[PDB]
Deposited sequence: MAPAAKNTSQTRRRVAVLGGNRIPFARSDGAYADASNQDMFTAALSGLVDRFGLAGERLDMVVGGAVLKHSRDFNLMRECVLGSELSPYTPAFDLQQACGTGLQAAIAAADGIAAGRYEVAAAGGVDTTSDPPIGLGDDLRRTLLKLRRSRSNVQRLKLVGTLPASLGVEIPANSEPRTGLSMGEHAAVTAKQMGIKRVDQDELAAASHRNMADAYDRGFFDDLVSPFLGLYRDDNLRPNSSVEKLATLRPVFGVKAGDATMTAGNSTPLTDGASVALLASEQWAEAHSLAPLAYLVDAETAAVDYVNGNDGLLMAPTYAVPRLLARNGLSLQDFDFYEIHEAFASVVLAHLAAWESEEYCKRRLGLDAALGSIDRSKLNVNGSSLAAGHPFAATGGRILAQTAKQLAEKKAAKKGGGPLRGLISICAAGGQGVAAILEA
């Protein structure tokens, strides 16, 4: 039968804005730093991991067997195998799914899963400006303007966009000030904090930025304050079977239980480019017999503030869930207080392949922090969903 899969935490360098710090940092540099941080934090040195899986999205020609060559440049046992994997922004979480798959089938006892990306190697400096399929798609329309179309279609007010962005910044700043990421971040090139972080941000400071996506379509509400910037980063997370975790005297923070992956028909124009998770989450919850509100933590990747709010409005609109999903009902709304509680992409940034890893580690820790600091009866749950270029999306749910 399928074993339980345990997230024992992770590690990641801070995310730098592109063409700044980590401007000379190769993919391999940043990821091998990240992996070294993981091995130090959990003392894996000289031990054999059953699998390291990850990759880069904008990988270069010097990136064949990137994961394998990183572990060979690492302190892990050289008998540790590895392979690469890229699903755009969902690369991180999907690598996590791969590692969990191997653990549950019983082929792995322990494994690392993550990603790394540098958009610094390549004038707004924003993710929206790139092709829709991150192919440096074939619609004569950048990721940003696809999302602008969906924002207008769904009527996401600018105030809520700016408010979500500022909330992300302020909550991640609080998390830093409280040391939430001390056991989750290792410095790199003299950077100890997420470069793009700006803790003195508010809806007033954001309101004064000109929209720069969906402009001539009228009623543009997307700007550099509510849309992620081009950022370098690396991240990884460690997973293992329960027996491995006890044998090494490390306790699970949470368990990855299930996931779902979904595509959309975006070249045809029927579905929003970054609207795939809206299809993934519902059949995920159904397969595990859960509602959209039976969760303690909603970690929704914020590739654009508007995309997050559009996912939620889609899930609140009877019509959308009737026609686009064939649900006979609206999944309902969520308690926004349990949404990205400690900040996210608008604060940290979006190094495509790393973000997944980041989210996973965070989600796990948060779940554990709640089951331990306070206690009672009941299982605790988190739901991650990540929108991804090429009209794809990945969702997972974790228990504690």
No C-alpha coords for deposited residues 1 to 10, 133 to 155, 170 to 176
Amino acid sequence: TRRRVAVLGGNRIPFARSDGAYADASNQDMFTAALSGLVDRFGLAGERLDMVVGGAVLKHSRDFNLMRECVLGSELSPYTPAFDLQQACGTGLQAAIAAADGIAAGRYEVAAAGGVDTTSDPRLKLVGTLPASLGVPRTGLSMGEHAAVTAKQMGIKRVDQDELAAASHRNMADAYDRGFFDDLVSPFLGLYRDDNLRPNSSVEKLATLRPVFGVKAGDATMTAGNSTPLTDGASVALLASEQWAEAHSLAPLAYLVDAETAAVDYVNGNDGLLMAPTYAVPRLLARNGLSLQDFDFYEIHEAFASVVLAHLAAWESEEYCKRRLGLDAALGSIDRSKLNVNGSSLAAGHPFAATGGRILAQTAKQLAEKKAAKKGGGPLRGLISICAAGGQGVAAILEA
From here on, numbers count along this sequence of modelled residues.
Quick note on 109 to 117 and 314 to 322: per-entry mean CA temperature factor is higher in 314 to 322
Mean B factor on CA atoms, stretches 86 to 94 and 197 to 205, record says higher is 197 to 205
Comparing C-alpha B-factors across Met51, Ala373, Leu346, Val57 in this entry, the winner is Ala373
In this crystal structure's PDB entry, the residue among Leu184, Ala276, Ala286, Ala100 with the greatest CA B factor is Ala286
By the entry's values, the third containing the CA B factor of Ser235 is the lowest
By the entry's values, the third containing the CA B factor of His169 is the lowest
Split the chain's modelled residues into thirds by Cα B-factor; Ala151 lands in the middle
Of the three thirds of Cα B-factor ranks in this chain, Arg381 occupies the highest
Binned into thirds over the chain's modelled residues, the C-alpha B-factor of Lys216 lands in the highest
